[PDB]
Amino acid sequence: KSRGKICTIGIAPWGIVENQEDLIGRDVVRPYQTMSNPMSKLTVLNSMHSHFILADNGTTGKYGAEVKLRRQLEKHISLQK
Amino acid sequence: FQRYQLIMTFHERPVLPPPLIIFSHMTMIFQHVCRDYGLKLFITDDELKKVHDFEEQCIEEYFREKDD
């Protein structure tokens, strides 16, 4: 209904994406499928999000790899002038 | 509308006028035994992607403006 863009940023762990592969193309456009399978035990990346920051601690299939980085980024941008 | 046909039919013609076009007719035989612009415009993949993005932005804006 309206023009303009909203700068939505998603800070998600790397181990929960439904396709760890199909995304390894460095500096090149990569297709991505929004269809979900409930038996895959993972979740798909949410569209209508302008930018993503995928943080990985080496694991796969578990959360807790992005809260500290997100809080640190919020603290650093709060102090920005 | 016919301006296009005029421009094209003068783009395809030889340089020399019909009084001395017999020279341009002879040289075609020599090239017989042997369009960067004016018709088309060839671009790389980056410019093609930029043109595609511009066109989809234009059509989205057109539909949004029509609905509003």
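Hey, what number do you get for the protein assembly as shown at 222 nm if only DSSP H runs of n ≥ 4 count, each worth -39500 (n - 2.57), divided across all residues, to the nearest 500?
Working: 4 runs with 55 residues, N = 149.
Helix-only estimate at 222 nm: -12000 deg cm²/dmol.
Taking the inverse of the mean 1/r over every pair of distinct Cα atoms in chain A gives a Kirkwood hydrodynamic radius of 14.7 Å.
Taking only the Cα atoms of chain B, the ratio Rg/Rh comes out at 1.28, with Rh defined as the Kirkwood radius.
Normalised by the number of residues in chain A, the average gap of Cα pairs under 8 Å and 6 or more apart makes the relative contact order 41 percent.
How would you rank A:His49, B:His32, B:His25, going from fewest to most other Cβ atoms within 10 Å of each one's own Cβ? If you can, show how the numbers build up before the last one.
Details: A:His49 13, B:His32 7, B:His25 10.
The fewest-first ordering by Cβ neighbours comes to B:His32, B:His25, A:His49.
In the protein assembly as shown, one over the average inverse separation of all distinct C-alpha pairs is 22.5 Å, which is the Kirkwood hydrodynamic radius.
Placing +1 on the Cβ of every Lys and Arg and -1 on the Cβ of every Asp and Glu, with nothing else charged, gives the protein assembly as shown a dipole about its Cα centre of roughly 480 debye. When A:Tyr63, B:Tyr37 are arranged by Cβ crowding within 10 Å, least crowded first, meaning fewest neighbours, the order is B:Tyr37, A:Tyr63. Spatially close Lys pairs in the protein assembly as shown, defined by Cα atoms under 20 Å apart and a spacing of eight or more places or different chains, total 6. Neighbour counts of C-beta atoms inside 10 Å place A:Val44, A:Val67 in the sequence A:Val67, A:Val44, starting with the fewest.
Bear in mind these aren't lab numbers, they're just calculated from the coordinates by the rules spelled out. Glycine also receives a Cβ, built like all others from the backbone with ideal geometry; neighbour counts cover every protein chain displayed.
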